[PDB]
Amino acid sequence: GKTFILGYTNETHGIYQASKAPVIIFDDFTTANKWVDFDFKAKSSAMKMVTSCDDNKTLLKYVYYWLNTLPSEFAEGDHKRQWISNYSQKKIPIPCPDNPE
Amino acid sequence: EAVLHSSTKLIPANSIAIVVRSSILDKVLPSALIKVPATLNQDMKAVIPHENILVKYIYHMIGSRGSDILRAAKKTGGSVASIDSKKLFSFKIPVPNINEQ
Amino acid sequence: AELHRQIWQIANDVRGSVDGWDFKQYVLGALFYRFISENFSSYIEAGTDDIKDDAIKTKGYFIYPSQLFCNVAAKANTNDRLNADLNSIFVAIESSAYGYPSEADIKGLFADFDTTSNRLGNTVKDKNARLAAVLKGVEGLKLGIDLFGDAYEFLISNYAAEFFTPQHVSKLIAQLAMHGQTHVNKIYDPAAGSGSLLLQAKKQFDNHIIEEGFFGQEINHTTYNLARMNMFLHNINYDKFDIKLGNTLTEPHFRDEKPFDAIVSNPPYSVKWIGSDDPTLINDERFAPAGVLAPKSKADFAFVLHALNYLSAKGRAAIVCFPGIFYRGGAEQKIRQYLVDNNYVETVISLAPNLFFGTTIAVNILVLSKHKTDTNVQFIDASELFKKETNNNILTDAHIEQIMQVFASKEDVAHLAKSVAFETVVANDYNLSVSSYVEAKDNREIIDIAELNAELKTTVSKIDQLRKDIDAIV
Amino acid sequence: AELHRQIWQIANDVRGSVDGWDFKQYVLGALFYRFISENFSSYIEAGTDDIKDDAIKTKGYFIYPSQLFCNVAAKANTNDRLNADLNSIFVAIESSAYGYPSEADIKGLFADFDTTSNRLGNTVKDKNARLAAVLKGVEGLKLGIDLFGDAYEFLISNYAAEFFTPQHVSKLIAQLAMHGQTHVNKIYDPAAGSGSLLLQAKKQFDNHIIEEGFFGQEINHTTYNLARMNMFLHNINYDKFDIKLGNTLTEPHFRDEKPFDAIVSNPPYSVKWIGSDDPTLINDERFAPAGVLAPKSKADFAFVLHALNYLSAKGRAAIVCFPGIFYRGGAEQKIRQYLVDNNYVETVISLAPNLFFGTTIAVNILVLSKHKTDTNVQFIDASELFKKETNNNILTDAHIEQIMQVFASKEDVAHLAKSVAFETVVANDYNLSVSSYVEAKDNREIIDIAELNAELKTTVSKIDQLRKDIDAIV
DNA sequence: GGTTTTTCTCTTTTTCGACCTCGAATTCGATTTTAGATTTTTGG
DNA sequence: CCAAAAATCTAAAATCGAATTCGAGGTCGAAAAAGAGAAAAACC
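Just so you know, the protein sequences line up as chains E, P, L and A, in that order.
Mapping of the first sequence onto PDB author numbering: residues 52 to 152, in sequence order.
Mapping of the second sequence onto PDB author numbering: residues 254 to 354, in sequence order.
Mapping of the third sequence onto PDB author numbering: residues 10 to 56, 71 to 167, 174 to 190, 198 to 510, in sequence order.
Mapping of the fourth sequence onto PDB author numbering: residues 10 to 56, 71 to 167, 174 to 190, 198 to 510, in sequence order.
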């Protein structure tokens, strides 16, 4: 929803520390809400972490922007449900095959 | 038909209104220029001024002094309800001449 | 609500004066005794009618309602005779009064029922005054063609505050048990709860359809008791009309009577049972065709398997579930596989949240048949029904009429669900039911109409900023 | 929690196997019998210690603990002897076991107590197996210097799921009953509930302060029983230590013993009683000084009037209320008028919501004294205490220590409450307590620092809109 | 005996109720693959 | 008789769901309480 609750002591709790550009998804029963990990932040109580294995193709704020392109299923928060595998399948358009040039 | 036993008053179309329940006791109290003839519930108040004035000046005066006229009658018990009638009613504001309206 | 709603409020006034269940038992026993007394007097004196009766002693004549209604009230232990000697010491004769209709050994007893009104109670005069006040307050209920039990429906709905049905949904699933089949019988029910959902058809079809009385089974003891008096209030024949006590997962009866012809039910949800399982209940007559049991957290589809076991060659079936039982891991997946093994599962219809008493989730209904064409048809339904304030909605007789029109002959209506194929459901992993709602309100715009408007916004904006800069003179 | 928390979890494991109150009665009776047996064995054999004992028959020696602890357990009907013959038919000898300490007629009985463990129960073998399983499970509790009853505090707190106290608040109001007064006695309690709040001082002051045992009164029957066993578990002397059953509004006792010297209480809220009133309870010894009664919806301050009746010439008093009893119409206004007639009402201290078990409201405590200076002092307190997840907080010993430091000598600390005057409270309409919290976080800014920042926002904004207009090439 | 004043109820306001009720958000147990190891059986 | 391969059993990370829960913010009904009118009592 609103992506901010207050402070807490930010170190030595095993905090994930939220490195340079991962993305997140909110959540079980929703899978629609999207937020750029801004700089270096928390692991606040429901979050599920999405990044990529590849670096020289993905640059996943690209796919942060690409993920909100499809509200097709994501206009349906209706049933009690997890969606992890389902969006985790497919699809997205890609400028392949002129990679990695 | 419901004005047979609404226990309300139909008010004119240049009025202001103000809450007395449950947003204050915590926070800022809203108010609005109501531009149509209307009625409101148990839980707030409708105000028309009388002719020595310009009504928008009363609106901005109340929305300005809200943060301390809530302070004047804030607690009124630990109940869910809020600001008293009398100490709300018995506040003094500087009311200037018409050119200073 | 014409002359009714006042009497509904009178029952609300009578609701005093302690925690509801305790005095409620005595209230239900009082109205139950009053109704049996009035019905018995209406039988024995429909024509010389006497307020006070006699000791006419003719047993041979007495045994004929003891074959017909199965119970003599008594010579003089009716309510209207007992209503003369109110506040009279003592009150415990009512216990002996419950000895009278409980004779009933000939034939097919249906007795052994009225053990509700016990005694607590701390002194005998407390008992006398309290029970006499209850009898006096229940006597003043001006009811008397003789619709009685809807206030009983109110009082039984006034608790868990269990969850039974908002009664137009029961009328809906009754219309799902439709149509056009004057074919014995109706209706079996596993986990019936109240007799509310077990009422609508034959009460509407008193001599329209003529099949048999009703059968069923229910878990709790006091719910069983209120269910039997609930079904007894509505002027229903003694013929075979009953429910037995037990659990369908532990005491499935009756197998021998019979393969049924229509069933409805409201199975409770997340009803975890003995695992997984210690007896041989895999190898019974109904779960061995599935392939695997229904374990603890997924304890739902045992009821629908037990339902589809007791079915005819033609007669349809209708049950309720919640759509969260969707795939639920591979065990429920292969349960769904044996369900879609044929056109066993005919149709599914969703129902928007809540339309219940603070649950707050959506539901869906599964209509099954061994009456095939065959292809699967997921005619699910979203909005609209209002839900929360009074009941609500409740509920839009034209909307359920047109959904029966859709259910009649297999239309394909967009902005609504439609038919699918067996190839579609094997293309799914047997999902319930994502397909086939389409509409999303993603509405187009115009580039130029938006941008020249935004240019108008700027032409307002910059000169107003200029006027603010004029107003920066301080 | 060091070696404790495991045993707390063991009690949670023992919590089976039906609804909690029913078996809980037998659980409490079992641990009660075990503790009395172990304490009696510890008395009679502190030095030759014998697991199994004899029929030594010496009554003259037997009557001396029957004067000291007032109860012989028995020769051989202790727990440890009975723990040898477990699962032995039959079990009902425990009823006869309750005949043994209930002799106790000499002197000052405190008996007639242990009627909790009744029999239901459906067969005798059910009773044997169930009670033997309960005795076996309670025997395995490895407890044995001998802190025992905090698990009892857990089990009694595990219900209404009544509302008693989160026990650090009880320690707080105990520290309100402080200080420095070795002066008989402590402590009377109207509507005590448990003995939890009636514990902390003398358990902390076992030989520090030496005044007398405890007195009190409580409404419910089973709450009275669990209260007496609660106060009996904590190794407290037999001397006069008791609570009588009844209601303070109906049976106010004891007047003759005595004008008390310190009281705490937790009166329940909105406790409407007989109105207004039919007897002459205006003209009693305690409500006639007020001027008017406490009617039904405002049934709170009858307890605080009954509290201030039973008070010494010097000893302070402390009660709890909720701040919604604020002015509450003119009846409660004139009640407040007679309260502020002197420095009867000394201090009031608010406490932030919830700090309870799902109530969810704030509370406040009123500390009264006939020990004056005099001016009124409304030292109310807001945040901080954490509230909800585990207990919570619970609760910040330095924070209550410094609020006792504030309570010591009358400081005037802003960002916190302070003193007021009698002229201030007659300037109020005796309000409880608006004054005197001040802080509001209305923080100033700078005109120029804000506006040139906004100018930087514009210098970003317009060129980015220009670049959007560049990006409008479609 | 008539008139005026005060009080009481009845009509109409009005201000509270250890609440309550809708949107937003979601931590633990229940349940499942995979990692892996150990044991047993078969084949050389 | 010894070695290798396959199958089963265990830990534990990895998923998954919850006739929901949490809590921010507003009840609506009703008790109860003040204003007008009527009736009764007292005084002239």
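Where a beta carbon is used, it is the ideal one built from N, C-alpha and C, also for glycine.
With distances taken between CA atoms, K276(A) lies nearest to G249(A) out of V300(A), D108(A), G249(A). Ranked by Cα distance from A353(L), the options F339(L), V403(L), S312(L), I223(L) are led by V403(L). Residue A227(L) holds the alpha-carbon nearest to the alpha-carbon of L281(L) among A96(L), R364(L), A227(L), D292(L). Annotation: the continuous alpha helix (DSSP H) that includes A434(L) extends over 433-444. Along the length of the segment 63-144 of chain E, whole alpha helix (DSSP H) runs at least 4 residues long occupy 112-118, 135-140, reported in chain order. For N400(L), the enclosing beta strand (DSSP E) begins and ends at 399-404. Taking the Cα positions, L37(L) is about 52 Å away from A326(P). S332(P) reaches chain A at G360, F362, counting residues in chain order whose Cβ is nearer than 8 Å. Taken through DSSP and simplified to helix, strand or coil, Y84(A) comes out as helix. The three-state reading of DSSP puts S386(L) in strand, counting E and B together. Chain order gives the chain L residues near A508(A) as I483, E487, where near means a beta carbon separation below 8 Å. Only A126, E127, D129, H130, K131, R132 from the segment 126-146 of chain E bring a Cβ to less than 9 Å from some Cβ of chain L. Shortest Cα-Cα distance from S335(P) to any of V273(P), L257(P), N352(P), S260(P) involves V273(P). In chain order, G331 make up the part of chain P whose C-beta sits under 7 Å from the C-beta of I397(A). Residues of chain A whose Cβ lies closer than 7 Å to the Cβ of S320(P) are, in chain order, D478.
With its beta carbon less than 7 Å from one in chain A, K328(P) belongs to the interface. Closer than 7 Å to the CB of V470(A) there is at least one CB belonging to chain P. At a Cβ-Cβ threshold of 7 Å, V157(A) and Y35(A) count as neighbours. Nearest to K159(L) by alpha-carbon distance, out of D103(L), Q240(L), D507(L), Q217(L), is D103(L). In this structure, the alpha-carbon of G128(E) lies about 6 Å from that of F80(E). DSSP places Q253(L) in the strand class (E or B) of the three-state scheme. Here DSSP, grouped into helix, strand and coil, assigns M214(A) to coil. For the set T383(A), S118(A), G394(A), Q18(A), the Cα lying nearest the Cα of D410(A) is the one of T383(A). Residue pairing from DSSP places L286(P) in a beta bridge opposite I269(P).
In the displayed model, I209(L) falls within a helix according to three-state DSSP.
Note on geometry: alpha-carbon atoms of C93(L) and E54(L) lie some 17 Å from one another. Within a 10 Å sphere around the beta-carbon of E481(L) sit fewer than 16 other beta-carbons, which makes this residue exposed. For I355(A), there is no enclosing alpha helix (DSSP H); the residue is part of the beta strand (DSSP E) that begins and ends at 353-357. In the displayed model, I299(L) falls within a strand according to three-state DSSP. The beta strand (DSSP E) runs of length 3 or more contained entirely in the segment 406-435 of chain L do not exist; there are none.
For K239(A), the enclosing alpha helix (DSSP H) starts and ends at 236-240.
Beta-bridge annotation (DSSP): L281(A) is paired with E254(A). Burial is judged here by how many other beta carbons sit within 10 angstroms of a residue's own beta carbon; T259(L) has at least 16 and is buried.
In the three-state DSSP reduction, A96(L) falls in the coil class, being neither helix nor strand.
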